[PDB]
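Read through the structure below, which is laid out as structure tokens, and then see the notes.
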Amino acid sequence: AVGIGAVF
Amino acid sequence: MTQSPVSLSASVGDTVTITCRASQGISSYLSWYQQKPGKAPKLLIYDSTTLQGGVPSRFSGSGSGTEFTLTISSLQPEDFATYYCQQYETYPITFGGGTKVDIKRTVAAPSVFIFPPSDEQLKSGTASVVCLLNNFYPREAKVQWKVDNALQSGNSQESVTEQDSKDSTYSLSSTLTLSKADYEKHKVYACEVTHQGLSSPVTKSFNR
């Protein structure tokens, strides 16, 4: 995932 | 990505559902946002089903794969707003087209008025003919322009108010803009208004 889905 | 419906009317206490379809399949990578006019968006729900802390429990997100639902239970006055889904499985991050939730009330026909350009506007070299649709509900309405009893397209613009806080109606302006020479190569000017509250299209007109 990207955006908030990749903060971790 | 496809968000539906585009618009929705409801009353305080109702349960509303908004849907987002993402046919490629995006697992649970979807969030829901709320936005009020003149304000920044607010994140309600992320990862399809998680409620952000501080957001009211009456909001609930569901779905995985291709179809996602935002359920707003027992609607409150603070909930009338536009809602957007956001997909973040892949770049580019994409928003749904939005769903506006407005306040339901009884049908109300527009009061229609037509305004002939002032002498000073005619000396202006540009004339604007204004047609007013006042205090109607629902939002959907249609305006056609007729010069010399003949249809005219291309030289008009529409503007609408936000839903009125007292009587929950809309008002709309339609402005026909022509050059002075063009303004009266013509004689009679009219606007015909179509709305659910009218048993037949209402026309207001002038000439001189």
Side-chain angles (χ1 to χ4, degrees), chain B residues 2-12 14 16 18 35-39 75 77 79-84 96-117 119-208:
Chain B
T2 302
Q3 186 179 341
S4 64
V6 170
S7 65
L8 184 163
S9 300
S11 304
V12 175
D14 289 350
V16 159
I18 296 158
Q35 189 185 32
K36 309 194 178 170
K39 291 299 182 294
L75 213 56
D79 301 341
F80 294 101
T82 298
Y83 292 86
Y84 297 92
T99 297
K100 181 170 171 184
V101 183
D102 78 333
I103 301 170
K104 192 173 179 172
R105 59 150 289 157
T106 59
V107 173
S111 296
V112 190
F113 310 86
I114 182 71
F115 298 107
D119 286 310
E120 283 142 336
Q121 213 188 336
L122 296 179
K123 298 158 111 168
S124 34
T126 306
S128 289
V129 195
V130 175
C131 185
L132 170 68
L133 283 60
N134 208 48
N135 296 350
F136 59 93
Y137 189 86
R139 165 67 179 83
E140 289 72 33
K142 165 70 164 342
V143 160
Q144 293 180 18
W145 279 108
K146 233 152 278 228
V147 309
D148 299 322
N149 297 130
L151 181 139
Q152 160 143 9
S153 305
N155 299 110
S156 61
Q157 189 53 270
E158 285 197 350
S159 183
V160 68
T161 57
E162 277 285 296
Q163 195 172 22
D164 182 86
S165 45
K166 244 153 177 192
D167 65 21
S168 285
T169 61
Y170 298 91
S171 289
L172 179 145
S173 70
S174 180
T175 305
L176 181 68
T177 302
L178 299 169
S179 71
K180 21 80 52 36
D182 290 346
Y183 163 68
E184 252 186 309
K185 272 220 70 101
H186 288 22
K187 28 222 160 181
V188 55
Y189 282 84
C191 65
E192 69 164 290
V193 171
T194 293
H195 187 261
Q196 191 195 327
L198 283 331
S199 314
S200 186
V202 174
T203 297
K204 293 299 195 293
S205 70
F206 72 89
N207 60 312
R208 285 170 327 186

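Quick note on labels: first sequence line is chain A, next is B, and so on, each numbered from 1.
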Practice task
With the side chain counted from C-beta on, respond yes when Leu133(B) and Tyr170(B) share a heavy-atom pair under 4.5 Å apart, and no when they do not.
Solution key: no

OG of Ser111(B) to CG of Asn135(B), rounded to nearest 0.5 Å, is 7.0 Å

*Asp148(B) side-chain N/O to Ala150(B) backbone N/O, donor-acceptor pair under 3.5 Å*: no

> Quick one: does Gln163(B)'s side chain have a donor or acceptor within less than 3.5 Å of a partner on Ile103(B)'s backbone?
Replying inline: yes

With side chains defined as the heavy atoms from C-beta onward, is the minimum distance between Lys146(B) and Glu192(B) less than 4.5 Å? yes

Rounded to the nearest 0.5 angstrom, the CG-OG distance for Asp102(B) and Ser9(B) is 3.5 Å

Are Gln152(B) and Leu178(B) close enough that some pair of their side-chain heavy atoms sits under 4.5 Å apart? yes

Of all heavy-atom pairs linking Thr126(B) and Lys180(B), the shortest is N-CG, 4.2 Å

Here the pair of heavy atoms bringing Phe206(B) nearest to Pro117(B) is CZ-CD, 3.8 Å

Practice item. Measure the shortest side-chain to side-chain distance between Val130(B) and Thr175(B) over non-hydrogen atoms and say whether it is less than 4.5 angstrom. Key: yes

Nearest heavy-atom approach of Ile114(B) to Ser205(B) is CG2-N, 4.0 Å

Run the side-chain contact (heavy atoms from CB on, under 4.5 Å) test on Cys131(B) and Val112(B) for me, step by step, so that the C-alpha distance in whole Å, both residues' side-chain angles and the decisive distance to 0.1 Å come before the verdict. CA-CA 7 Å; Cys131(B) 185; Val112(B) 190; 3.9 Å; yes

Please evaluate residues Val16(B) and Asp79(B) with respect to the criterion side-chain contact (heavy atoms from CB on, under 4.5 Å), reporting the C-alpha separation (whole Å), side-chain torsions for both, the decisive distance (0.1 Å), and the verdict. CA-CA 10 Å; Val16(B) 159; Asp79(B) 301 341; over 6 Å; no

Q. Does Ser171(B) offer a backbone N or O that forms a donor-acceptor pair with the side chain of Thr161(B) under 3.5 Å?
A. yes

When every non-hydrogen atom of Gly97(B) is compared with those of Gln3(B), the smallest separation belongs to N-OE1, 3.8 Å

Contacts of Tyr137(B) meeting ring-ring contact (aromatic ring centres under 6.0 Å, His included) (sequence neighbours excluded), chain-then-number -> none

Report task. Check the pair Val12(B) / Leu75(B) against side-chain contact (heavy atoms from CB on, under 4.5 Å), numbers first and verdict last. Result -> CA-CA 5 Å; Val12(B) 175; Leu75(B) 213 56; 5.7 Å; no

inquiry  = Could you tell me if the side chain of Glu162(B) sits less than 4.5 Å from the side chain of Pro37(B), heavy atoms only?
reply    = yes

| said: Is there a side-chain contact between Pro110(B) and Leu198(B) in this structure, where contact means two heavy atoms from C-beta onward sitting under 4.5 Å apart? | reply: yes

ask   = Any donor and acceptor pair, going by atom type alone, linking the side chain of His195(B) with main-chain N or O of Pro138(B) inside 3.5 Å?
value = yes

For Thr203(B) and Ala190(B), the nearest pair of non-hydrogen atoms, with its separation, is CG2-CB, 3.8 Å

In this structure, CG of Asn207(B) is separated from CG of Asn149(B) (nearest 0.5 Å) by 9.5 Å

Quiz prompt | Donor-acceptor under 3.5 Å (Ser179(B) side chain, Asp182(B) main chain) | solution = yes

For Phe80(B) and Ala10(B) the tightest heavy-atom approach is CE2-O, 3.3 Å

Quiz item: If you draw a 6.0 Å radius around CD in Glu158(B), do more than 12 non-hydrogen atoms from other residues or ligands fall strictly inside?
Solution: yes

* Under 4.5 Å between any side-chain heavy atoms of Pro201(B) and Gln144(B), yes or no? -> no

One should read off an interatomic distance between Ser11(B) OG and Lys104(B) NZ, to the nearest 0.5 angstrom, of 6.5 Å

Using side-chain heavy atoms (C-beta onward) and a distance below 4.5 Å, is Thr169(B) in contact with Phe136(B)?
no

Donor-acceptor pair between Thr177(B) and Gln157(B) side chains, under 3.5 angstrom
no

